[PDB]
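heads up, no residue letters with this:
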């Protein structure tokens, strides 16, 4: 075994709805497009 | 971002494989040439021991970072419940003793209302 | 089986030595970082005091639905936390109404004892 | 003068001095329609549609009153623990039925929505002013990785 | 299937709209908005405390 900071957005509801939705969209449409490649 | 030996921003970072820590190559090289050791743990290390591929990364921002976020949410809210579980056990304990002292006292109010009126009923008749 | 802070099944439980209580490593650490104490007994305890001490995986059933489950479960826990806090405020509120009556009653006994004392003097005459 | 202040603060009120209401003569009128009426007037007096008046009633007489009632009051500990569990079940039953009253909660939220979202919008716009600049700083730097990577592969490929 | 069809699964579009004088259903929906708004206002407090220091460090 061998700190990282992410600044949680000012408008941080969205984490359940909008952010999580985009993450599984971005995972889905990339790997499908990667399978196409 | 820092070198653990000097404390500067290392311009050629090389990570060791015995005490996992980012050292500056020019600094750690001299440490190894002094004696074959890792500066932190004093375990053996050589220059060849000191050191992604094809998958492209993007910076750590607000899926895995989102999942560890939701742990922070729930783990904090779980402590919020303790503040109200612990405080409830004090209020109900004070309520139990309060209602018991109320129930033990109101029997004495009922007897004094009897006795003071009975003394007025007795005395006025005489 | 249950950590006595959150209510979870602990995945890295740690026991306090000042009071016999298996907590979860994450939750006990946050409490000690807030104030150096044990949450149950309020005894002086530290992080080095802790001694690090069943795992059965949930197979939900036969993914878009699992999105809405997690939504509902957070939606439920939010209300299960809310309902438990308004109840705490109203049990304390109704407790405060009892304390006023408790102390108001023992003032009314003082006047009733005077009426008894006045009566005992008149009876003797 | 220090001794006299110690006598007045302690003998002011047991509930008021220790820890935590609106004035209601109609509630006192509705509750009556004798001990309940005595505590109602006691609450209206200490608090001072509200008239104040009682200020000659509320230390030695209270101590003897407390010592006498203590004399009148394992088996007693279990009867209090059982009754406390019964009232706890009644408190959990009154809460489960609810989840007139609904209009008050929505208005409580409208206060929150107002108070909180105004704070949110101020916290947001204060942050945004400072952080939209730093977002652009951070986000335009991210785009540099996406070009620093894409060139990397073509050079590796060509290498 | 999601990528092929080009359709993302719908999330809970409920918390945002709601309505006053509803029923037992909107009594829940209302009480949801409160707790999350308090969590929100607490979630904006610990951000503003550090403020721009946490951002510029990243």
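Yep, that arrived. Residues are numbered from 1 along each chain as shown, chains lettered A, B, ... in the order given.

state the distance from the residue nearest the centre of chain E to residue B:64.
With distances taken as CA atoms, centre = their mean, the residue of chain E nearest its centroid is residue E:36 (6.6 Å). Per CB to CB, to the nearest Å, residue E:36 is found 24 Å from residue B:64. Heads up, the C-betas are built off the backbone N, CA and C, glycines and all.

next one: residue E:53
24 Å.

my guess is residue B:49 contacts residue B:18. True?
Yes: with contact defined as CB atoms under 8 Å, residue B:49 reaches residue B:18; the gap is 6.9 Å.

isn't there a strand covering residue B:14?
Yes: assessed with DSSP: H, G, I helix; E, B strand; the rest coil, residue B:14 lies in a strand.

check contacts around residue 15.
Just so you know, I chose chain A. B:66, B:69, B:70 (CB atoms under 8 Å, 6 or more residues apart in numbering or on different chains).

actually it's chain E I care about, not the one you picked
Contacts of residue E:15 (CB under 8 Å, 6+ apart): A:13, A:17, E:29, E:32, E:33, E:36.

that one: what secondary structure?
coil.

and the helix ranked longest in chain D, what does it pack onto?
Ranked by number of residues, the top helix in chain D under DSSP state H is helix D:101-158. Helix D:101-158 sits against helix E:24-43, helix E:45-50, helix E:53-57, with contacts defined as 3 or more CB pairs under 8 Å, 6 or more residues apart in numbering or on different chains; DSSP states H and E.

excluding its backbone neighbours, what's nearest residue 4?
Since you didn't name a chain, this refers to chain A. Once flanking residues are discounted, residue A:4 sits nearest to residue B:60: 5.1 Å by CB to CB, 6 or more residues apart in numbering or on different chains.

let's do chain E instead
Using CB to CB, 6+ apart, the closest residue to residue E:4 is residue A:32 (6.7 Å).

how many neighbours does the one you found have?
By the criterion of other CB atoms under 10 Å in any protein chain shown, residue A:32 has 15 neighbours.

go on, residue B:54?
Using other CB under 10 Å: residue B:54 sits among 6 other residues.

torsion angles phi and psi at the closest residue to chain A within chain E?
Across chain E, the shortest distance to chain A (CB to the nearest CB) belongs to residue E:3, at 3.3 Å. Phi and psi for residue E:3, reported as degrees, to the nearest 10, are phi -80, psi -40.

and it, what does it touch?
Per CB under 8 Å, 6+ apart, neighbours of residue E:3: A:28, A:29, A:31, A:32, A:33.

let me know the secondary structure of residue B:36.
What three-state DSSP gives for residue B:36 is coil.

from chain D, how far off is it?
According to CB to the nearest CB, to the nearest Å, residue B:36 stands 34 Å off from chain D.

just the angle for the longest helix of chain D relative to helix C:64-122, thanks.
Per axes from the mean of the first three to the mean of the last three CA atoms, to 10 degrees, the angle that helix D:101-158 makes with helix C:64-122 is 140 degrees.

tilt between helix D:101-158 and helix E:24-43?
Using the same axes, to 10 degrees: helix D:101-158 against helix E:24-43 is 60 degrees.

circling back: go through the helices and strands packed on helix D:101-158 and name the closest to chain B.
Here helix E:24-43 is closest among the helices and strands packed on helix D:101-158 (CB to the nearest CB), at 7.9 Å.

which parts of chain E sit against chain A?
Contact residues (CB under 8 Å from any CB of the partner chain) of chain E with chain A: E:2-4, E:8, E:11-13, E:15-16, E:36, E:40, E:43-44, E:47, E:54-55, E:57-58.

ok, now with 7 Å
Applying CB under 7 Å from any CB of the partner chain, we find that chain E lies next to chain A at E:2-4, E:8, E:11-12, E:15, E:36, E:43, E:47, E:54-55, E:57-58.

then residue B:5 would be within a helix, right?
No: assessed by three-state DSSP, residue B:5 does not belong to a helix; its assignment is coil.

which ones are touching the nearest residue to it once chain neighbours are set aside?
Take residue B:5 and drop its neighbours on the chain: the residue closest to it by CB to CB, 6+ apart is residue B:27, 5.1 Å away. When contacts are counted by CB atoms under 7 Å, 6 or more residues apart in numbering or on different chains, residue B:27 touches B:3, B:5, B:6.

residue B:25 is in contact with the first one, correct?
No: the pair residue B:3 and residue B:25 does not pass the contact test of CB atoms under 7 Å, sitting 9.6 Å apart.

about what we covered before: in three-state terms, label the residue nearest to residue A:4 for me.
coil.

most centrally placed residue in chain D?
residue D:20 (10.0 Å).

what's the nearest residue to that residue if we skip its chain neighbours?
residue C:96 (6.0 Å).

burial measure for residue E:11, as a count.
Counted with other CB under 10 Å, residue E:11 comes out at 15.

check the gap between the spatially closest residue to it that is not a sequence neighbour and residue E:6 for me.
Nearest residue to residue E:11, sequence neighbours excluded (CB to CB, 6+ apart): residue A:17, at 4.6 Å. Here residue A:17 is placed at a distance of 20 Å from residue E:6 (CB to CB).
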